[PDB]
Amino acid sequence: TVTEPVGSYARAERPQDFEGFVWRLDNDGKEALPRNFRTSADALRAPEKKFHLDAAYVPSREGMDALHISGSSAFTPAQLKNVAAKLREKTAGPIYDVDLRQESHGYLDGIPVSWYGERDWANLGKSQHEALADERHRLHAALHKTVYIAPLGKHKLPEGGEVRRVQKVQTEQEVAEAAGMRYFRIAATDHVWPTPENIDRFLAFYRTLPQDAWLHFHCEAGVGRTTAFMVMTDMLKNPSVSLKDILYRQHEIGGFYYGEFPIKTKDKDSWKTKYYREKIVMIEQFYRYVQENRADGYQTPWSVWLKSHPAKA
């Protein structure tokens, strides 16, 4: 008997030790666009040294012009409108804001905030139904109330910020709609591999998208979760492309590199190491799922297939 299979390590952590305690500022709104903004039409760049990749390697771009995806960090409502306008210049299909944040978030007087718990795990362990209910209740309770919104500084703790009596509350769905984007939420936990339920949900959603749909993925910082779903999308839509090519190109347009690399972590961040290794293994396992289930049109859900073909550390 195995208590938690590879891919579900986070289930072993105790939600009660990471409860939310502050409204974290998700973006100061100073730039025109959110951070790490990138699209599948972008030129590839030299790889980051930390990943020890082959700078001489030239990844195939097969399928990228038709991929129609982008990624970024969280944003203010104005920044999202700039994103939507830029994307509208690349397509005539519907543009989706794919919100990958399990953490409860929204907009207080137009300011993008999130209910932050240690490691950003305030909704760890909650079903998507429970996470969205927490977010709705929490946002609604902020209206007409005095709140403290602050960015994190020294050691993931509030630093400075501001106090205000909220006069307007909005969900991301409303902000997305106000920007001309369709909205789709996948409540993925920060820093770890998306769960079987997150991916099953994504896959069912992907199946019914119109051909010209454009997917704009985003999390809080736009690196981990955002690149994982960009990679999954690239694998699903371009199954003939090699794993190496998918991983290099998604990294070289500005995303994370999801292949093996020398993991290094500050002492205070040593807890992340096993999550990074798990992600490497699960990326490979998902590629395998795509290669072995595409011919019959994915009759078998990812969650079911994963349980019959467990990943190995």
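Start at 1 and count along the sequence shown; that's the residue number.
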According to the deposited model, is the average Cα temperature factor higher in 131 to 139 or in 153 to 161? 153 to 161
Of 265 to 273 and 55 to 63, the stretch whose C-alpha atoms average the higher B-factor in the entry: 265 to 273
Checking the entry, which one of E252, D26, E278, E31 has the top C-alpha B factor? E31
Deposited CA B-factor, highest of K126, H216, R185, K168: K168
Tell me, lowest, middle or highest third: where does the Cα B factor of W302 rank within its chain? lowest
Going by the entry, which third of its chain does the Cα temperature factor of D212 land in? middle
How does the C-alpha B factor of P5 compare with the rest of the chain: lowest, middle or highest third? middle
When the modelled residues of the chain are sorted by Cα temperature factor, does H105 land in the lowest, middle or highest third? lowest
Taking only the Cα B-factors deposited for this chain, tell me whether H144 sits in the lowest, middle or highest third. highest
